[PDB]
Amino acid sequence: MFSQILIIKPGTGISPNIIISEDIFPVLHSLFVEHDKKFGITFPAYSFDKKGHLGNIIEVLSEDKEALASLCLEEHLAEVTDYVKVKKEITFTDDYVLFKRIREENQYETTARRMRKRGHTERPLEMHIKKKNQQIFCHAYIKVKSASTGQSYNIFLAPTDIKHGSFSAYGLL
RNA sequence: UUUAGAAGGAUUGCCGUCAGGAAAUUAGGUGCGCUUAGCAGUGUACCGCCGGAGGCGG
């Protein structure tokens, strides 16, 4: 489907990850919440070696050649331009590896509270947190702040093989 | 197709008593260490929700 490719300009001091997290996410999520129809996000350079990176490059994907123009890409990112360039041609294509959202247990105290009142009252838990968190953590992230809960959380990512489907507000499957 | 082919070494035991190492000394003059440099995988993994382990929202 149609797509608009996003560079971060390289060799500027700041890392890709920081620039991607702070700039691109907030404005894309605000635009995504606004224009309700679920768009999609793909990273053309995922390269999991022992841990997993995210690359210089991201792709916004959608299935309407005018919906991308309804997002007004190159005029929204008009402050931080020195670190981001937004190409302006919504070219269709049929090659991509879509991504999803992996989750990660939660700290022992926050599980406990639910773990007691919910019932199922009173070391087996700690093994579950340690194993489940240790397995996942070695993937990529995109630190996220909050508008409501006003909290800091990290949204991990991982590939999949669906090649079509229905997406979410942040951008994954 | 090998100087081929073969093989049970084994039982037992009290090393002991005594003793002065000791007197003398000069290690000494010299000395060029010295050019360069960006520390981090995002600096962390937060509240809840289903639900008898496995999931999903922000």
Side-chain angles (χ1 to χ4, degrees), chain A residues 1-30 33 39-49 52-63 77 79-84 86-87 91 93-99 101-107 110-111 129 133 136-142 144 146-161 165-173:
Chain A
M1 327 142 279
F2 328 99
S3 62
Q4 188 162 353
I5 298 187
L6 280 186
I7 217 61
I8 46 57
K9 323 191 55 93
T12 36
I14 330 181
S15 155
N17 292 357
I18 308 301
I19 275 277
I20 296 174
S21 61
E22 324 297 338
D23 306 343
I24 295 97
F25 219 78
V27 285
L28 278 194
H29 190 56
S30 63
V33 176
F39 301 89
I41 286 322
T42 305
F43 291 80
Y46 176 107
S47 325
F48 198 96
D49 186 8
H53 209 100
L54 291 87
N56 155 35
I57 212 55
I58 208 176
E59 256 152 350
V60 178
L61 307 182
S62 179
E63 50 193 7
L77 291 174
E79 305 178 0
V80 277
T81 71
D82 302 7
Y83 311 84
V84 153
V86 184
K87 306 177 191 58
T91 300
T93 183
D94 282 323
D95 260 345
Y96 34 62
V97 182
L98 285 292
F99 300 102
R101 169 164 159 84
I102 309 328
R103 304 292 289 94
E104 40 272 355
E105 196 62 20
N106 196 359
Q107 180 180 358
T110 310
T111 63
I129 322 158
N133 292 13
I136 279 65
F137 278 131
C138 304
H139 291 264
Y141 10 104
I142 302 185
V144 185
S146 174
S148 56
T149 186
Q151 291 181 1
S152 68
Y153 32 111
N154 47 1
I155 299 191
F156 296 61
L157 286 89
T160 187
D161 48 4
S166 175
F167 296 104
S168 59
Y170 284 133
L172 298 311
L173 223 37

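Reminder, nothing fancy here: chain letters follow the sequence lines and each chain counts from 1.
With hydrogens and angles ignored, the 3.5 Å screen pairs a side-chain donor or acceptor of A/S3 with a backbone N or O of A/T91.
Counting all heavy atoms, side chain and backbone alike, A/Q4 lies closest to A/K87 at NE2-O, 2.6 Å. Across all their heavy atoms, A/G150 and A/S146 have their closest contact at N-OG, 2.6 Å. Across every non-hydrogen atom of A/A140 and A/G52, the tightest pair is CB-O, 3.5 Å. For A/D23 against A/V27, the heavy-atom pair with the smallest separation is O-CG2, 3.3 Å. Residues A/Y96 and A/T93 come closest through the heavy atom pair CE2-O, 4.0 Å. Residue A/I8 comes nearest to A/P16 through the heavy atom pair CD1-CB, 4.1 Å, listed as atom of the first residue, atom of the second, then distance.
Interatomic distance, CZ of A/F137 versus CZ of A/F156, reported as 5.0 Å (0.5 Å rounding). One finds the CD1 atom of A/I20 at 12.0 Å from the CD1 atom of A/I14 (value rounded to the nearest 0.5 Å). Distance check: A/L28 CG to A/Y170 OH gives 13.0 Å after rounding to the nearest 0.5 Å. Remark: A/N56 CG to A/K9 NZ distance equals 10.5 Å, nearest 0.5 Å. In this structure, the separation between CD1 on A/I142 and OG on A/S21 is 8.5 Å, given to the nearest 0.5 Å. The CD1 atom of A/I102 sits 8.0 Å away from atom CG of A/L157, with the distance rounded to the nearest 0.5 Å.
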Full working for side chain to side chain contact (heavy atoms under 4.5 Å, CB included) between A/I136 and A/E105: CA-CA 10 Å; A/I136 279 65; A/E105 196 62 20; over 6 Å; no

A/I57 vs A/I7, side chain to side chain contact (heavy atoms under 4.5 Å, CB included): CA-CA, chis, key distance, verdict: CA-CA 6 Å; A/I57 212 55; A/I7 217 61; 3.6 Å; yes

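When the options A/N17, A/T12, A/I19 are evaluated for a side-chain contact (heavy atoms from CB on, under 4.5 Å) with A/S15, the one that passes is A/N17. Of the candidates A/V97, A/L98, A/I58, A/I58 is the only one forming a side-chain contact (heavy atoms from CB on, under 4.5 Å) with A/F43.
In this structure, A/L173 and A/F167 have side chains that are in contact, with non-hydrogen atoms separated by less than 4.5 Å.
In this pair, A/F48 and A/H139 present their aromatic rings tilted. The plane angle is within the 30 to 60° band.
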